[PDB]
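The analysis underlying the following values was restricted to heavy atoms, covering all of them including side chains, and did not include hydrogens, waters or symmetry mates. Lettering follows sequence order; numbering is per chain, from 1.
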Amino acid sequence: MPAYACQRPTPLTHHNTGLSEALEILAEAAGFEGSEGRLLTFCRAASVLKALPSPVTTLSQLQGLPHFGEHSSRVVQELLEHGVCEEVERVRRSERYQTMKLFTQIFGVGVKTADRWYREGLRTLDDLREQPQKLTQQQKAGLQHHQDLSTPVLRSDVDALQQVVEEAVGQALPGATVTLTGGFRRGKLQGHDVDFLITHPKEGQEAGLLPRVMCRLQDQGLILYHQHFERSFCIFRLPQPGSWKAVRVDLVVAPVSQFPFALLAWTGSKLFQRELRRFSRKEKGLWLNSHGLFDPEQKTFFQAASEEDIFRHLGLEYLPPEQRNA
DNA sequence: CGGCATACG
DNA sequence: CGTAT
DNA sequence: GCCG
Ligand SMILES: [Cl-]
Ligand SMILES: [Mg+2]
Ligand SMILES: [Mg+2]
Ligand code: NA
Ligand code: NA
């Protein structure tokens with residue numbers, strides 16, 4: 001079992017679902033307390049289990065797996081022995097965990113804002129609605145739309161949204177293209193937002209594109225919220241039988257020279273990309289981001305024409321998006 | 001022990 | 001500070 | 001929390 005998640009296939013569904021979910025609770029709780037190192041370790045340990053070819057049934061099967069030390073091994077041991085891990089259950093029922101989860105799920109609220117509100121004694125969404133002068137406009141939109149944004153987005157929703165984005169993109173810049181990214185490109189059947197990447201085959205033609213797209217969507221009455229650039233974090237009005245619902249949509253523009261890097265980055269998963277960037281820098285001495293891959297010795301950028309190019313230039317076996325679900 | 005991904009709004 | 005993979 |  002390789003030590004980096006980008007060195008091994010990780011499918012969307014797997015054979016250790018309960019064990020990985022428990023470790024991911026501890027990762028999330030670590031993040032709520034600002035412990036980024038422990039969050040990473042628990043996420044990595046969870047991801048190792050997702051990559052295994054069969055269920056873990058005995059503690060000895062963890063021997064030699066990367067990212068399993070005393071703490072993660074004890075969690076697994078308790079789940080195998082008793083079906084429950086007391087630490088995990090203690091986190092789950094705690095007022096701190098439940099409130100930080102509720103608050104950080106709000107669009108416009110991060111861990112730092114949630115933690116401050118918690119320390120002020122706030123606990124519920126209606127607590128927040130009672131003092132709206134404290135909220136940013138983004139937080140107001142996140143709170144107004146919270147119920148809809150909590151409802152899973154389905155594949156049929158994605159197909160509808162892609163058509164309306166393509167229509168607006170086509171008037172904004174003929175020849176521009178729209179690619180579905182994020183979790184839906186990795187094969188998810190449900191999600192909580194939809195991610196799109198926009199480019200144009202002629203380098204430079206994509207400059208200034210996103211304002212033109214957003215204005216056209218807003219004039220069609222489809223935008224319930226946006227920040228007004230190359231990234232837009234929107235709330236869309238999606239038609240529903242007899243009504244509609246609010247959906248989070250992210251629109252990203254990249255020049256075609258950078259498209260493979262942006263596609264790779266925005267397809268994720270989040271942990272896959274962190275691990276890939278860590279692998280690039282620490283094992284290969286190259287600096288990876290959503291714009292390119294830089295050789296800091298020669299001071300040169302690697303031209304890529306495809307995701308396959310990028311995996312080759314990092315010495316990694318290619319993984320399709322469906323196997324990047326770290 | 002240091003390190004833990006890297007960006008944009 | 002928030003957002004994203 | 002775990003790795004090199
Ligand atoms: Cl980036
Ligand atoms: Mg997404
Ligand atoms: Mg997200
Ligand atoms: Na949030
Ligand atoms: Na998104």
State which residues pass side-chain contact (heavy atoms from CB on, under 4.5 Å) with [X]; sequence neighbours excluded, sorted by chain then number.
{"X": "A/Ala46", "value": "A/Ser20, A/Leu23, A/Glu24"}
{"X": "A/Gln240", "value": "A/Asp157, A/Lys245"}
{"X": "A/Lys282", "value": "A/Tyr4, A/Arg278"}
{"X": "A/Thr177", "value": "A/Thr199"}

Atom [atom1] of [X] to atom [atom2] of [N]: distance rounded to whole Å?
{"X": "A/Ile106", "N": "C/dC1", "atom1": "CD1", "atom2": "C1'", "value": "15 Å"}
{"X": "A/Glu230", "N": "B/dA7", "atom1": "CD", "atom2": "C1'", "value": "9 Å"}
{"X": "A/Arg38", "N": "B/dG3", "atom1": "CZ", "atom2": "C1'", "value": "14 Å"}
{"X": "A/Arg278", "N": "B/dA7", "atom1": "CZ", "atom2": "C1'", "value": "18 Å"}
{"X": "A/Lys270", "N": "B/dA7", "atom1": "NZ", "atom2": "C1'", "value": "13 Å"}
{"X": "A/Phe279", "N": "D/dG4", "atom1": "CZ", "atom2": "P", "value": "13 Å"}
{"X": "A/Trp266", "N": "B/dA7", "atom1": "CH2", "atom2": "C1'", "value": "9 Å"}
{"X": "A/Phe107", "N": "C/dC1", "atom1": "CZ", "atom2": "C1'", "value": "13 Å"}

Check the orientation of [X] and [Y]. Use parallel for under 30°, tilted for 30 to 60°, and perpendicular for over 60°.
{"X": "A/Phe294", "Y": "A/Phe301", "value": "tilted"}
{"X": "A/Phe261", "Y": "A/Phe302", "value": "perpendicular"}
{"X": "A/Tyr225", "Y": "A/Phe107", "value": "perpendicular"}

How far, in whole Å, is B/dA5 from D/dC3 if one measures between their P atoms?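 After rounding to an integer number of Å, I get 16 Å for this pair.
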Should [X] be listed as having a side-chain N or O under 4.0 Å from OP1 or OP2 of [N]?
{"X": "A/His67", "N": "D/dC2", "answer": "no"}
{"X": "A/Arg44", "N": "B/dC4", "answer": "no"}
{"X": "A/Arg248", "N": "C/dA4", "answer": "yes"}
{"X": "A/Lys112", "N": "C/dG2", "answer": "no"}
{"X": "A/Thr41", "N": "B/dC4", "answer": "no"}
{"X": "A/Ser35", "N": "D/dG1", "answer": "no"}
{"X": "A/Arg274", "N": "B/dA5", "answer": "yes"}
{"X": "A/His291", "N": "B/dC8", "answer": "yes"}

Of the candidate nucleotides [options], which contains the atom at the shortest distance from the side chain of [X]?
{"X": "A/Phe42", "options": "D/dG1, B/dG9, B/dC4", "result": "D/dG1"}
{"X": "A/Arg186", "options": "C/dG2, B/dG9, C/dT5", "result": "C/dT5"}
{"X": "A/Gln138", "options": "C/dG2, C/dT5, D/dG1", "result": "C/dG2"}

Indicate whether any N or O donor in one side chain lies under 3.5 Å from an N or O acceptor in the other, for A/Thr151 and A/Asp148.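 Checked: A/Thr151/A/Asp148 side chains show no N/O donor-acceptor pair below 3.5 Å.
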Can you find a donor-acceptor pair, distance only, under 3.5 Å between A/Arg277 side chain and B/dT6 base?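 Counting by modelled atom types and ignoring angles, a donor-acceptor contact under 3.5 Å is found here.
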Kindly say whether, by distance alone, the side chain of A/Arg281 makes a donor-acceptor pair under 3.5 Å with the base of B/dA5?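 Counting by modelled atom types and ignoring angles, no donor-acceptor contact under 3.5 Å is found here.
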Using a heavy-atom cut-off of under 4.0 Å over every strand shown, decide if [X] touches base, sugar-phosphate, or nothing.
{"X": "A/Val252", "answer": "nothing"}
{"X": "A/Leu251", "answer": "nothing"}
{"X": "A/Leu276", "answer": "nothing"}
{"X": "A/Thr267", "answer": "sugar-phosphate"}

According to side-chain hydrogen bond (donor to acceptor under 3.5 Å, both in side chains), who are the partners of A/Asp115, at least two apart in sequence or on a separate chain?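 Listed in chain order: A/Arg96, A/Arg119.
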Run through DNA chain C and report every stem of 3 or more consecutive Watson-Crick or G-U pairs, distances under 3.5 Å, ordered by first number.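 So the stems come out as B:5-9 with C:1-5.
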